[PDB]
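Starting off, we have a lone chain in the form deposited in one PDB entry, written out as structure tokens.
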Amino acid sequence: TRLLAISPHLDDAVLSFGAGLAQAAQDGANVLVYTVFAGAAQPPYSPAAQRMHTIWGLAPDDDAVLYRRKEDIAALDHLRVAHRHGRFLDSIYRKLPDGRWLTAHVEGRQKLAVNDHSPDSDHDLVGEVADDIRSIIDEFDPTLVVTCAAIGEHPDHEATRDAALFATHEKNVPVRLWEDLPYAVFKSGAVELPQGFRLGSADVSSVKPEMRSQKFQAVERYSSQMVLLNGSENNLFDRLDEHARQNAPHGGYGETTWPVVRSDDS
């Protein structure tokens, strides 16, 4: 078994599929967690990025990507799985063709506003990510790829998922999508895949209690994210535990995945 996980951001694979990754390595699978939006960003940073860096507990002009890469290595080391950090710049570091920042701040609103941009610019981003994924597939030779469903409709999650779907289709590798966490605790669960792809029936895994514990310890390595993840009530793990409790109310901890298959008549 050669499992390639494709995470949009530094933390998504561990939050959503950490237990499955740790279980996979335990069973003797070769596991690799490649993160798409891990590109090394250079100053000058935008105001919106600077603000994010402060929310992550960093100085505005700190090398934030380096810090987050280090956290990611620690967390994946904890699950006993390998890492690979991609070249793509996260949303807060990207500029548009016209020279504007992709993301700007508004006064008095929590979530950052994304500037409108061309379908061409999205097609091109997704194309480049797909290119990188295809090469990784050639290099690593996965038997299975797992990536995000993009529940919550984060644009970087959709870009990652879509590129993985195009690349895995061309390369004939089976692909599964994980339920995005903690997004799925806050957002419905229905997603729109690119034309020609659809979701098969869900599978909610059964993991040993010790893999649950390892997952949550791995999550704790993302120190920069604890404020963003614990939110208001400081109860991320409670919410994660409660979610898994529902989806197996006669079992313990587990993670929801769906296989991706071709639609009929496509």
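Sequential numbering from 1, following the sequence displayed.
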- Message: In a third or more of the other compared PDB entries with flanking residues modelled, does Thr54 go missing?
- Response: no
- Query: Within the set of other compared PDB entries, does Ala164 lack a model in a third or more?
  - Reply: no
- Between 43 to 51 and 66 to 74, which has the higher average C-alpha B-factor in the PDB entry? 43 to 51
- Determine, for stretches 26 to 34 and 223 to 231, which one has the higher mean CA B-factor as deposited. 223 to 231
- Message: So if I compare the CA B-factors in the entry for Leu21, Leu10, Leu15, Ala244, which one is the largest?
- Response: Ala244
- Item | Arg109 - which third its CA temperature factor falls in, relative to the rest of the chain | highest
- Message: Test of reading the entry: by CA B factor among the chain's modelled residues, which third contains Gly86?
- Response: lowest
- Quick one: classify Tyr93 as lowest, middle or highest third of the chain based on its Cα B-factor. lowest
- Query: Can you tell me which third, lowest, middle or highest, the CA B-factor of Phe140 falls into for its chain?
  - Reply: middle
- Query: How does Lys187 rank on Cα B-factor within its chain, lowest, middle or highest third?
  - Reply: highest
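Beyond the structure shown, there is the form deposited with a partner chain bound, which is absent from this document and is the topic of what follows.
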- Item | Position in contact with its partner chain when the complex is considered in the deposited complex, options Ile73, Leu112, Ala130, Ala184, heavy atoms within 4.5 Å | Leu112
- Task: Just give me the single entry in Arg94, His154, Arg84, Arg134 that has a non-hydrogen atom within 4.5 angstroms of its partner chain in the deposited complex.
- Result: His154
- Message: I need the one stretch from 137 to 145, 74 to 82, 189 to 197, 112 to 120 whose residues put non-hydrogen atoms within 4.5 angstroms of its partner chain in the deposited complex.
- Response: 112 to 120
